[PDB]
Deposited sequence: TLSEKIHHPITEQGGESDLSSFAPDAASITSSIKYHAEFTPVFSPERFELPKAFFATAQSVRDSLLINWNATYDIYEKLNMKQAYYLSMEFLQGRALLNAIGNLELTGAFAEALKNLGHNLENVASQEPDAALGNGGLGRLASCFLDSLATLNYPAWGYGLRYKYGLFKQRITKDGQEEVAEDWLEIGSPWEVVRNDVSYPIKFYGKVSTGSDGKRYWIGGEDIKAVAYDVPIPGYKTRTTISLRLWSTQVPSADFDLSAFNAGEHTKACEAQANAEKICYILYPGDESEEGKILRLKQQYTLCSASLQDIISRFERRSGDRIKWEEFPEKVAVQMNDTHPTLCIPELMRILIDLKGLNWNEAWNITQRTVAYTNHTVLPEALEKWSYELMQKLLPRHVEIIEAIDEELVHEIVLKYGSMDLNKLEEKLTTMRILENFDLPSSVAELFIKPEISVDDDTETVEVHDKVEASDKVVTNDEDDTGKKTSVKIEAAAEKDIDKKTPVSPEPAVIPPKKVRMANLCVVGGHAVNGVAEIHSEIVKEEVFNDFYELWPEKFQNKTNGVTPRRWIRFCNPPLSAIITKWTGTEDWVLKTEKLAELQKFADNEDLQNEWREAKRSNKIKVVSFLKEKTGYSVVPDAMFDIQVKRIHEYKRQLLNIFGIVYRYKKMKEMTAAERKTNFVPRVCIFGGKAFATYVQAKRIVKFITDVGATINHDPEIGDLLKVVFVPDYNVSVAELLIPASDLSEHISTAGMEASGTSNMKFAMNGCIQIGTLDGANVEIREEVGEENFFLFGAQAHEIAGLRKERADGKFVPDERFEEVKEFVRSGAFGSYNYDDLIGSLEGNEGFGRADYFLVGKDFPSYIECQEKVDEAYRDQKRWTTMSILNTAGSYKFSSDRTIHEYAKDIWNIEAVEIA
């Protein structure tokens, strides 16, 4: 086991012997690389030890596939899970640095975007920590999505540079390479098997990122694919003639599959690039999974045993091509019959749904997919045809009307002709969501209410047919990254009041804080912990936003994707309201009527989403005006934090007092940031939707600020709008006027306010009900104000958040998947 002495030598050894810099001096960037390489040594011993037990045991292994992982920085979670935090800190002191400054050099791995990606990242930590044999498979994106610049003009986008020097975590596996084919033609050989020939051939190379469990040796992989072409595909003859671009066409074509996350797909070229990404991920992974299955099998290879050895989870519909890809391999490559290969594929694959309404469910042009993946389209057509025969077999054809409904709704192919049928220019599509439901043995939503909606409204017919595939797995986040490592002072408190350090594993012990919520010593520690965390943030806000704020103010935080439906605009409108009120009062009245606040916004706008980009500019202009107004001073600051990512979350969430989750009611499946906020003793204000419902139930309805229309009323209120029956509240008109009056400078906001007016019209008519919800929202912010002035009641609420947060551990989620869907069991790594 390393100690400070051996870690000291180890960093020095890497600094000199695995250098990435000049040999002079030991600057911070050099120190971070040497440190991380040192940690990797530890990760690799454990990774190899886990790898060896898994190989010999040949137990069932799970595989979690996703277009995104939001891994964050690795250093502090890795030394923490290894329990070497102390030793690395002391070793860095010896070499003249501190831990925190060295950790600051690490770029966030830009491998994901939002909650879908952080959920997968949480899950990997949970799997490793719980000794579950499972890996992650994703793509290695060179440039992420974008790094966000916050200028005078609002948001600007720049390519991420996280791999500009390389990652000291990843391990290239030069011998783990899989061929990926696109386009080409299918024919039949004299063996009666299909053979897919020609098109474009590329290679997918494996890059492992070791994921260490907490207090265990289990160290699993996140295996990422990077796409390339052998150097032999460089066309010399072209290059030498002066056609430099034609010479590299094959490499250009291969490499771009892994440039960015979710490449813009309004164009044909963008759509093709998206299918290529999904297919690469499904093909490379399954090829890798099958190859490991054959290797562990030895001579005793029973293809029958494949689903007893392999689970594959599809995170959303992006991994959908797994179903026809596994079918392809079994049938075309392994020689299985259709029936055998379908039974196998079904008992292998499971689908998790993450969306609310049947309109974000992905669909592909038939012609497009047929050009790119001819063999996959044959297989899907056959799956569709069996489905048709199965639907006719139940239900019969006495209802014709009932049969037609079922066939129309449930078929994978849209706007197609039936095989055989009875009665005596729309574009042909492939419904990925239909495929996923048909092709696996489990389908789960991601919250109680959500999973009920999936059974009742997304796939009702599928549930009437196969009620037994449908399940719920409520999301969760890891308390390692999201309490133990991001919030040390609160961790020290939890350990004291619960009696042990055991809570990080047995997170149910957070419940033992409830009996102390009114205890005055607990409360005092609780407040000093919160204040200390906010002091760290004050320094951070100074360097990142340029504004100096005080820690004796409520930190009111709204961090998430910028979208009209997320309702940043509501929050900022509320802010503008209070600022208007402040300005029409004396100094003395201002202090009696409003508690001091720092309102922190962060999150990225999709770059061609004009309105979202306009909301960002808006927040920055409201902040320029408020934060410089000498009548206001430290009563109110509005700051927009550039480039929100896991590292910024880990800073902000420990420090937060109030966090806002105020999307239009009914449009969130779950959300997970609210769960991290609760764990850290933040109090949530929000609408009754998504994860807010479950949080509110666990933390108690007195420790949550609720407001707004509920899901069941959205329909009616939008009808009111359309008929002209909607009466905007005057305070709402006040803010509107105030913005047009130009109080926020010279920028013209007409286009923005216009989105809130009219009664119909594509992007007008206040579709997300900002104006409606506004009175109950501003009202509820006054309840907050009142609660915050009662420091004792506020602390009690803050503690009960942390106390009622245990069920939101991704350890709970992962045990559920492990028992109810994947049927994997813990494996000990001695």
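Chemist: According to the record, which stretches of the deposited sequence lack C-alpha coordinates?
Modeler: Unmodelled stretches: 1-22, 447-510.
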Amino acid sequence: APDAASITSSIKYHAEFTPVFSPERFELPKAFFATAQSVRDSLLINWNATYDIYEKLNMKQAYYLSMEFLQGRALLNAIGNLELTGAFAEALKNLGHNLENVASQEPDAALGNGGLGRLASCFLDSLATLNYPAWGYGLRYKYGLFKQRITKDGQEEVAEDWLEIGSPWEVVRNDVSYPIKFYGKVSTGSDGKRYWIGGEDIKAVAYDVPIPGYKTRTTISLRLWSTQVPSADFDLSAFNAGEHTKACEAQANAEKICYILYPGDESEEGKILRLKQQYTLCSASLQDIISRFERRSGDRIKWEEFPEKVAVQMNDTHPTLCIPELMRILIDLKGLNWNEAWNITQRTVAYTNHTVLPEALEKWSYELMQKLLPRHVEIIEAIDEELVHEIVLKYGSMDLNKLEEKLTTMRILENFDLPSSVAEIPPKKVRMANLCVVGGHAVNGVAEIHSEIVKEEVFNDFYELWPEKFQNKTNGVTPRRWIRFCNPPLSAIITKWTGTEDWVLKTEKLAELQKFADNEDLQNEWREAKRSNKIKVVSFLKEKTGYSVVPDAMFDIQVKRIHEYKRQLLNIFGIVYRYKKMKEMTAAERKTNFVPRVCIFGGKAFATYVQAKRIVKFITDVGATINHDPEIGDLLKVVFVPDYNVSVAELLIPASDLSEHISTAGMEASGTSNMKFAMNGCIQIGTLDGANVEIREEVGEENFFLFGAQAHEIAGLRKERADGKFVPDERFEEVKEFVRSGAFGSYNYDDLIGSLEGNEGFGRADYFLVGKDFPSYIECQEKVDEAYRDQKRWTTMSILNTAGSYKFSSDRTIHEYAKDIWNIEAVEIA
From here on, numbers count along this sequence of modelled residues.
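Chemist: Should the higher mean CA B-factor in the entry be assigned to 622-630 or to 161-169?
Modeler: So the stretch with the higher mean C-alpha B-factor is 622-630.
Chemist: Take the C-alpha B-factors listed in the entry for 727-735 and for 100-108, compute each mean, and give the stretch with the larger one.
Modeler: Comparing 727-735 with 100-108, the higher mean C-alpha B-factor belongs to 727-735.
Chemist: Kindly indicate the residue among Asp52, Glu68, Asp41, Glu779 with the greatest C-alpha B-factor in the PDB record.
Modeler: Comparing C-alpha B-factors across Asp52, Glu68, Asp41, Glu779, the maximum falls on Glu779.
Chemist: Considering only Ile391, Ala89, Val312, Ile289, which residue's Cα atom bears the greatest B-factor as recorded?
Modeler: Comparing C-alpha B-factors across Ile391, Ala89, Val312, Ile289, the maximum falls on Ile391.
Chemist: Which third, lowest, middle or highest, does the C-alpha temperature factor of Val209 belong to within its own chain?
Modeler: Answer is lowest: the recorded C-alpha B-factor places it there.
Chemist: Grab the CA temperature factor for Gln791 from the record and place it in the lowest, middle or highest third of its chain.
Modeler: Within its chain, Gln791 is a highest-third residue by C-alpha B-factor, going by the deposited values.
Chemist: Going by the CA temperature factor in the PDB record, which third of the chain does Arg25 belong to: lowest, middle or highest?
Modeler: Its C-alpha B-factor belongs to the highest third of this chain's values.
Chemist: Please say which third, lowest, middle or highest, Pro479 falls into when its CA temperature factor is compared across its chain.
Modeler: It belongs to the lowest third of the chain when residues are ordered by C-alpha B-factor.
Chemist: If you rank every modelled residue in this chain by C-alpha B factor, which third holds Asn460: lowest, middle or highest?
Modeler: Ranked within chain, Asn460 CA B lands in the highest tercile.
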